[PDB]
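# Based on what follows, work out the 3D shape:
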Amino acid sequence: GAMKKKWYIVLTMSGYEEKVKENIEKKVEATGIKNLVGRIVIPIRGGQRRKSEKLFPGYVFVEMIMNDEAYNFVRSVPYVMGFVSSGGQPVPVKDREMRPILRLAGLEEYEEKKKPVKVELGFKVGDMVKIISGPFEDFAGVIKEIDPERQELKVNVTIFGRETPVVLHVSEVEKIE
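Residues are numbered from 1 along each chain as shown. Below is the structure:
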């Protein structure tokens, strides 16, 4: 419903995301349409300690009110290739799926981190590892690479129907078995 605002994924060209975000800010300024567009988020932003460098290339997260004037205004966005969707307009993202984007996007700050325990043994590449610490806490992933000497394990998380490797601390994830 237009009254309620949801978050959709805007399609773009890797490298033009920052431009798309700014284009939207002014696109609504010259049109004074600050009611169709709301807050824009980007999976690229990461913790200051480490930058994911664009978690999803060409993929951007934006919240806006659905409507005929909103679709025609967003679709007309410069540098925008369209929006991810099954039929027409794009579909809203499940809040549970944004949890990791809002937390990393700085949209939500929570604690839940009093379980500083390092996990080791039964750890191997390809093995299945579950996340339990960080912005993706509670996320299941597969061990893609193990970096010894530092206790770090690269895991591939399945987000947006796509697989993507994430850098985390071995003590921040669990290898189930």
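# going forward, measure contacts and count neighbours with C-alpha atoms only.
Fine.
# list the contacts for the residue nearest to residue 139 when sequence neighbours are not counted?
The shortest distance from residue 139 to any non-neighbouring residue, by Cα to Cα, 6 or more residues apart in numbering, is to residue 131 (4.8 Å). Shown in contact with residue 131 (Cα atoms under 8 Å, 6 or more residues apart in numbering): 137-141, 172-174.
# Could you do residue 137 as well?
By Cα under 8 Å, 6+ apart, the neighbours of residue 137 are residue 131.
# Which parts of the chain are strands?
With strands called from DSSP state E, the chain shows them at 6-11, 37-41, 59-64, 82-83, 128-131, 140-147, 152-159, 162-169, 173-174.
# right, and those - which one's nearest residue 25?
Checking these against residue 25 by Cα to Cα gives strand 37-41 as the closest, at 8.7 Å.
# Could you list the buried residues of that closest one?
In terms of neighbour count (16 or more other Cα atoms under 10 Å), strand 37-41 has its buried residues at 37-38, 40-41.
# Residues in contact with it: which ones?
Strand 37-41 has contacts (Cα under 8 Å, 6+ apart) with 5, 21, 28, 60-65, 70, 105.
# Ok, stretch 50-66 next?
For stretch 50-66, the external contacting residues (Cα under 8 Å, 6+ apart) are 1-17, 35-46, 70, 164.
# biggest helix in the protein by residues?
Counting by DSSP state H, the longest helix found in the chain is helix 17-30.
# and that one, how far out from the chain's middle?
A distance of 19 Å separates the centroid of the chain from that of helix 17-30, by Cα atoms, centre = their mean, to the nearest Å.
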